[PDB]
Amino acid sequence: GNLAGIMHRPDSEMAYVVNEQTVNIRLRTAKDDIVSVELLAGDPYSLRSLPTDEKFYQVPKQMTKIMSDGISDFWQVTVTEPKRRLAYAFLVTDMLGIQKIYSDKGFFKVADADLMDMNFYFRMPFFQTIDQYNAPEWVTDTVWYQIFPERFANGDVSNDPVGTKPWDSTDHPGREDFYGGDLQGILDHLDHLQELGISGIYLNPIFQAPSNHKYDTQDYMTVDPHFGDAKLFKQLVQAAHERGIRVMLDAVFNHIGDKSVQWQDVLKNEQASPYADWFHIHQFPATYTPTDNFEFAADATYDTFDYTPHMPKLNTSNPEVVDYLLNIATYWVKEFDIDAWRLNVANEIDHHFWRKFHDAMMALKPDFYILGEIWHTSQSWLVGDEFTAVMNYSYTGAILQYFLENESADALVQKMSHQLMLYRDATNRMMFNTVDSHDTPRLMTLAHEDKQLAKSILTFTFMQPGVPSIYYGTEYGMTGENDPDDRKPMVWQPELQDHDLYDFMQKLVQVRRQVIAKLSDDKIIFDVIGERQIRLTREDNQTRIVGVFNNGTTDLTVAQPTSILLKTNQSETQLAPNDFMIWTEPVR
């Protein structure tokens, strides 16, 4: 009995409200150390207040071992209680047959447990739906497409910045290059987006900013003049909505650009500036020593994003900053009807501000989607009062490491199970899955131009619980290393486009939207069936979707499925190295 490996944290992802009378409860144990876990649960007041001789601890509820991360096992159970008050404890039995009760009071023999004392148990005191996590349903049926607007399509040469280069997808872009992409180009290629089958557009920042990336905001209340104007953006949003495509914008609230009005005021008036307290200035005047790298300063007298002097950090604890940012976030939603906000460097802004932001957005749109850009563990931002989800960088990163390196299938399945057990079930369905972006090398480059490997990575990711996204140009096999090489002008020429990959992407998106998205309360199972061989199963009460991935150096034979949805090998039974097959079957 590895008692040190057993843990339950109440009022957490291990004990949360699903609906008015229902809760989900989890227990962590040491891997393969516990053979069974039962839950003793009921109304805490029923023990001594009800005249009945029956007590809730006399009818245990069996828990199911749902996941394992190589170190711990994870058990779960769902409990319904009409009184909406729950006290609970765990009955754990290990390999040697040693059984103990685990409660808020610790570990006991069942004979020594004070089961009649309501304060012996862990507690969910009252099922508070106002405190619970809620997931917007529409996100479940979405496949996103990420657009870096400067490089997607130039629909208007008239607004091009000075020195705009000729549109060349084969170019290796420089850090300060401009190609002239704008909102009119996105409006022009909405038909390509709809033919691909995507139902959501994620835009990198489009607010006035001097750079090609626009993360150094100059004015949050105005669309960049090179990109277009307010009327054109409203037209774009309405056309997207007409095509059944939702819109998500990028909010850069952790820092502002140095060319912004507030910062220039700070540079002119120093401490006498009204915006001095909008920033984190250690010493006046706000200064820094320039270096050869434009994005690096070693001795700035003010806090900044990374070590770049051009992005002074905003003081989100200042009430004036709070009001300003909330007004911006409310303005874009209320005036242009956007569907989601993507929060840049969301982890470096305080929870207090995010709580206010969540309240404002939900007061505007109850089904709003708040996505946080965080690379590490975000349990504190996904309780239900702040973000809906975060970018699932660790999940897709583990997937990429498995497919590109020679790691065992067990390692990948353990990493994915750890990730899933970090959060609530619905939160897991809201996580944002992308294999590359404007900050990482392109998938085709990562796969060393191995198309089959890229198809396998994309299919494996699209089968995951989170919502998938396609970085612009992935559907045509665009290559590139890290930024700025991952921001090449979009390949609009047919001679340079991979049409086979585009056809495959259309089929993959169709499988995601017509099959995996229509599963009802599906369960996910990871099975390691051999060295670098994985069987993924998503299963609801009526239908089951199975995908087998052969990433070994040998052929793999499977029983012939009756209805194959997607496969790369011509055979219906044999899988060569890097092949995969997806099929569907009724539950029996």
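Numbering starts at 1 and follows the sequence shown.
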Entry-level comparison of average CA B-factors, 165 to 173 and 147 to 155, reporting the higher stretch: 165 to 173
As stated in the PDB record, which stretch has the larger average Cα B-factor, 578 to 586 or 4 to 12? 578 to 586
Top residue by Cα temperature factor, when 515, 361, 92, 239 are compared in the entry: 515
I'd like to know which of 506, 434, 128, 199 has the highest C-alpha temperature factor in the PDB entry. 434
Compare the C-alpha B factor of residue 549 with those of the other modelled residues in its chain, then answer lowest, middle or highest third. middle
Taking only the Cα B-factors deposited for this chain, tell me whether residue 23 sits in the lowest, middle or highest third. lowest
Thinking about Cα B factors across the chain, which third does residue 334 belong to? highest
Residue 47 - which third its CA temperature factor falls in, relative to the rest of the chain: middle
In terms of the chain's CA B-factor thirds, is residue 284 lowest, middle or highest? highest
